[PDB]
Amino acid sequence: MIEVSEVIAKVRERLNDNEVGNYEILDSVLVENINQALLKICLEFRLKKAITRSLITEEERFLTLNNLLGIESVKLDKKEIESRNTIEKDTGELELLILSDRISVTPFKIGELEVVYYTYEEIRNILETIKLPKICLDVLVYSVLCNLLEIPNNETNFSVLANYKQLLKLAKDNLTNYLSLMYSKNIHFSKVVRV
Amino acid sequence: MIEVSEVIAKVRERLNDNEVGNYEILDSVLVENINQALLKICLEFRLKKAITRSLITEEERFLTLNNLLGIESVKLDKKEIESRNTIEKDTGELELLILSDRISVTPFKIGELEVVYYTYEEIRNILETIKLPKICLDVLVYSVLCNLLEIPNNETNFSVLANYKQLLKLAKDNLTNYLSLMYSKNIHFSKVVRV
Amino acid sequence: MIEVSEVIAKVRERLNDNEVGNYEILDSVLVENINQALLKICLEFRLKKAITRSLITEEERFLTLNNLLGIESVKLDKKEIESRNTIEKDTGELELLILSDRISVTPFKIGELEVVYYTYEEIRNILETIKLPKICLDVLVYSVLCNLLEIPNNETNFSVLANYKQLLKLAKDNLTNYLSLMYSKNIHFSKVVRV
Amino acid sequence: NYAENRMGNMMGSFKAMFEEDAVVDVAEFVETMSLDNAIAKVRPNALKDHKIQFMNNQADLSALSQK
Amino acid sequence: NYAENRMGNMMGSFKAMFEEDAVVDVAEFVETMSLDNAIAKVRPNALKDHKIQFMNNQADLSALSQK
């Protein structure tokens with residue numbers, strides 16, 4: 001778990017804005033930028049998988065998720081749902097209807113939905129805590145810092161942004177190392193193709 | 001959903017015009033540029049699919065759509081309409097007539113039209129809300145920002161525009177990542193060609 | 001539909017001439033340049049197809065079109081007219097005579113002409129409206145703006161013109177995207193050659 | 001039987017490493033790409049970055065034929 | 001018997017040196033890579049750095065066939 005205070009402190013130090021009195025960058029701006037960074041980080045690395053198992057009937061037809069990034073598996077009464085669409089097809093094959101963070105089934109059928117998806121748990125207060133591995137700290141800083149360096153404070157801000165991009169790439173490499181060590185098999189040989 | 005206030009604030013900060021009193025760029029200009037950005041974003045990525053199922057008879061012959069970008073499927077009484085034209089051919093094969101956001105059928109036949117198309121839902125007020133995924137925020141900023149950087153405020157505005165173009169390209173890559181994770185199949189192998 | 005006011009405003013802003021009192025560039029010049037831009041845009045992209053079905057007899061021998069760009073199909077009594085010429089051949093094969101926005105048939109025969117061609121609907125007032133897709137706005141600005149940047153106001157006007165040329169190329173790419181999505185088939189495979 | 005079915009799978013199919021931001025609707029792209037007459041429309045500037053790597057599938061057709 | 005089983009292992013399989021930060025879930029990647037129709041989705045900017053080195057497995061098929 002990462003506290004927001006330490007991310008904020010590192011960003012303030014890096015922006016030469018570690019002054020309690022002045023705060024040229026408002027904390028609302030920093031919290032919004034941290035939300036954006038959490039968005040990008042959780043989308044690119046698929047950090048948070050969530051499972052929701054609800055029921056849809058004729059009364060309520062939609063399943064309201066929260067902070068949706070992507071759906072990787074849908075079951076309806078232990079039956080695979082195959083295609084995804086946003087158009088509300090009248091009849092045909094059974095597809096999953098996505099309505100911008102509302103989930104239903106296109107040629108509607110009474111039943112239950114077991115959906116696997118991805119989530120943010122974004123923050124709104126400086127005293128909150130980000131439920132992410134500590135290795136994700138440097139990728140949060142260096143990603144939110146590139147978002148703020150492009151305020152035209154200095155004539156050489158974009159070269160500094162370019163340097164921070166490489167630093168961010170290295171941080172992402174570290175994060176990938178961690179994720180592979182956690183959630184991946186410890187294998188050393190491949191399997192023969194069986195057809 | 002994205003509020004217009006946060007897009008506007010980021011653009012103002014980036015243009016060194018975050019001054020409440022002065023506002024060198026009028027808010028009408030920003031809202032028009034945001035409409036242009038929504039145009040380009042929704043066209044390139046085909047974000048919004050809409051379905052309209054109306055009826056055309058001899059009394060009213062045209063179907064007035066709104067904020068049209070493209071037609072991807074037309075049915076007339078559950079019959080595929082094949083070609084598209086803007087010339088009002090007298091007779092021949094059955095074609096779809098497009099009249100700059102008015103839809104009809106060229107060798108006119110009484111019936112119904114089921115049309116799938118693309119839409120803007122553009123904005124007109126600063127207090128409105130853009131119904132788009134939050135990941136689309138950075139592509140809205142960096143695209144509207146390149147539209148304003150080419151006001152000749154500075155002699156080095158075009159290099160800054162070039163940097164923002166690369167930033168926009170990365171934002172579009174993130175958006176494509178999101179769209180693939182949402183509205184695309186989770187597959188890992190191809191199918192054999194069957195002829 | 002695009003209002004002329006917004007094109008004019010963007011051009012004025014881009015030329016550092018957004019001053020109501022001064023107007024270093026007269027509005028007649030801007031409207032003429034916008035007419036030129038509409039010319040080039042409608043010619044290159046074949047935006048406007050028009051059909052005219054009139055009758056030619058011995059009394060009046062010519063068909064006066066308007067804002068002609070090109071002819072893509074001619075029928076005379078549902079008979080294809082093959083070749084085009086401007087020389088008034090006395091006898092021979094049946095050809096279409098073009099006389100700088102006057103259409104007739106070369107070895108003249110009484111009948112009717114069904115002609116498909118291209119049109120401008122150019123503008124003459126600042127309060128008019130351009131009947132074009134909104135996506136065509138940026139191609140109108142960036143094309144009329146390159147026409148005005150080459151007034152020798154500045155010693156670095158041609159590099160700015162070169163930058164605006166690339167911007168115009170991107171705008172044309174967007175316009176081609178839109179046109180393909182509108183007036184083209186939604187196909188994903190080719191057909192086998194049948195000889 | 002294994003060699004005949006694996007050789008029937010090797011030809012008539014393609015393998016590729018995709019990045020997760022190469023094209024929108026990558027399942028749709030690999031459906032239309034599996035045909036022998038493929039008109040695949042991708043996003044703009046997706047041919048100059050090379051985020052798709054088509055790997056050579058038939059590196060083992062001759063050896064499997066001989067075996 | 002050793003030559004037949006080793007030649008059946010050599011073709012129909014691949015070997016590669018991975019870095020420990022090449023891609024997330026490297027076991028998942030080598031599961032989908034072992035197929036003859038592989039659609040492997042990797043992390044962004046993983047095709048331009050070359051952190052995976054696919055080594056040539058069948059450098060010994062012909063000599064084992066002759067032996």
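Quick notes on the rules
Residues numbered from 1 in each chain as written, not as in the entry; some residues may be left out. Chains lettered and ligands numbered in written order. Part of a larger assembly, values for the part shown. Heavy atoms only, no water. Helix = DSSP H or I, 4+ residues; strand = E, 2+ residues; numbered from the N terminus. Rg over C-alpha atoms; globule rule 2.2 N^0.38 Å. Buried < 20%, exposed > 50% of the residue type's maximum accessible area, 1.4 Å probe, protein only. Contact = heavy atoms within 4.5 Å. Areas by Shrake-Rupley, 256 points an atom, 1.4 Å probe, with all protein chains shown as cover. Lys, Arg positive; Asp, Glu negative; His and termini not counted. Charge placed at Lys NZ, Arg CZ, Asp CG, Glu CD. Buried area = accessible area lost by both parts, 1.4 Å probe. Salt bridge = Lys/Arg side-chain N within 4 Å of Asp/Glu carboxyl O. Polar contact = N/O pair within 3.5 Å; in protein donor to acceptor, adjacent residues only side chain to side chain. Nonpolar A, V, L, I, M, F, W, Y, C, P; charged D, E, K, R; others polar. Pairing = 2+ DSSP bridges. Axes fitted to C-alpha atoms, helices over the stretch in contact; angles between N-to-C directions. Patch = residues over 30% accessible without salt bridge, like charges linked within 9 Å, V, L, I, M, F, W, Y side chains within 5 Å.

- For this deposition, the record names cryo-EM as the technique by which the model was determined and cites 3.6 Å as its resolution.

## Here's the deal with the overall build of chain D
No. 1: Along its length, chain D carries three helices and two strands.
No. 2: Across chain D, helices and strands are ordered from the amino to the carboxyl terminus as α-β-α-β-α.
No. 3: Over its C-alpha atoms chain D spans a radius of gyration of 15 Å, topping by over 25% the 11 Å that the globule rule assigns to 67 residues.
No. 4: When its C-alpha atoms are laid out on the principal axes, chain D stretches across 45 × 20 × 20 Å.
No. 5: Burial status across chain D gives 43% buried among its 67 residues.
No. 6: For chain D, long-range pairs separated by at least 24 residues make up 64% of all intrachain contacts whose partners lie at least 6 apart in sequence.

## Section: the overall build of chain A
No. 1: In terms of helices and strands, chain A carries four helices and eight strands.
No. 2: Overall, chain A shows an N-to-C arrangement of helices and strands of β-α-α-β-β-β-β-β-β-β-α-α.
No. 3: Since a compact globule built from 195 residues should have a radius of gyration of about 16 Å, the 21 Å found for chain A marks it as more spread out than a globular shape.
No. 4: The C-alpha extent of chain A, read off along each of the three principal axes, is 60 × 50 × 30 Å.
No. 5: Expressed as a percentage of contacts within chain A between residues at least 6 apart in sequence, the contacts between residues at least 24 apart total 70%.
No. 6: Summed over all atoms, the accessible surface of chain A reaches about 10,400 Å², with 50% contributed by carbon and sulfur.
No. 7: Taking the average place of the 25 positive charges on the side chains of chain A and the average place of its 30 negative ones, the gap between the two points comes to 9 Å.

## Let's talk about the interface of chain B and chain A
The extent of an interface is frequently quoted as the accessible surface area lost upon association of the parts.
No. 1: Each side of the interface is counted separately: chain B has 31 residues, and chain A has 32 residues.
No. 2: Each partner contributes to the roughly 2,800 Å² buried at the junction of chain B and chain A, and carbon and sulfur atoms together form 53% of this total.
No. 3: Here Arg53(B) makes a salt bridge to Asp90(A), at a shortest N to O gap of 3.8 Å.
No. 4: The interface formed by chain B and chain A includes nine residue pairs in polar contact.

## Examining the interface of chain D and chain A
No. 1: If you look at the interface, chain D gives five residues, while chain A gives four residues.
No. 2: Interface area lost by chain D to chain A is led by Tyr2(D), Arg6(D) and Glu20(D), which between them contribute 79%.
No. 3: Inspection of the chain D/chain A interface yields one salt bridge.
No. 4: The closest approach of N and O atoms between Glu20(D) and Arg46(A), which form a salt bridge, is 2.9 Å.
No. 5: Viewed at the interface, chain A and chain D are joined by one residue pair in polar contact.
No. 6: Partitioning the side of chain D that touches chain A into residue classes produces one nonpolar, two polar and two charged.

## Remarks on the sheet that holds strand β3 (residues 71–76) of chain C
For sheets, the rule is that strands pair by backbone hydrogen bonds, running either parallel or antiparallel.
Residues and elements named next belong to chain C.
No. 1: Strand order in the open sheet formed by three strands is β2-β7-β3, with antiparallel pairing between adjacent strands. Strands at the two margins of the open sheet, each flanked by one partner only, are β2 (49–56) and β3. Averaged over neighbouring strand pairs, the angle between their axes works out to 15° when direction is ignored.
No. 2: The sheet contact formed by β3 and strand β7 (residues 111–118) spans five bridges and is antiparallel. Bridge assignment links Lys-75 to a residue of β7, and that residue is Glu-114.

## Observations regarding the sheet that holds strand β6 (residues 103–105) of chain C
Residues and elements named next belong to chain C.
No. 1: Ordered in space as β4-β5-β6, the three strands form an open sheet in which the pairing is mixed. Lying at the two open borders of the sheet, with one neighbouring strand each, are β4 (83–85) and β6. Sheet twist, expressed as the average angle between the axes of neighbouring strands with direction ignored, equals 30°.
No. 2: Here strand β5 (residues 95–98) runs beside β6; their pairing, made up of three bridges, is antiparallel. Its bridge partner being in β6, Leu-97 is matched across the sheet by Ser-104.

## Let's talk about a nonpolar patch on the surface
No. 1: Together, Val192(A), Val195(A) and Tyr2(D) make up a nonpolar patch on the protein surface, roughly 220 Å² of accessible area in all.
No. 2: Under the relative-accessibility criterion, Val195(A) is labelled partly exposed at 42%.

## Concerning the pattern of salt bridges
No. 1: Counted by the stated rule, this structure contains 52 salt bridges over all chains.
No. 2: Between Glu72(A) and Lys49(A) there is a salt bridge, with its nearest N and O atoms 3.8 Å apart. Residue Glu72(A) is located in strand β3 (residues 71–76), and its partner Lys49(A) is located in strand β2 (residues 49–56); the two are separated by 23 residues in the primary sequence.
No. 3: Between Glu121(B) and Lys48(B) there is a salt bridge, with the nearest N and O atoms lying 2.6 Å from each other. Remark: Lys48(B) occurs in the loop between α2 (27–45) and β2 (49–56) and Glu121(B) occurs in the loop between β7 (111–118) and β8 (129–130); sequence separation between them is 73 residues.
No. 4: Judged by relative accessible area, which is 31%, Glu121(B) ranks as partly exposed.
No. 5: A relative accessible area of 17% places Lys48(B) in the buried class.
No. 6: Several salt bridges converge on common partners, so that one network encompasses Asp90(A), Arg53(B), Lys78(B) and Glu114(B).

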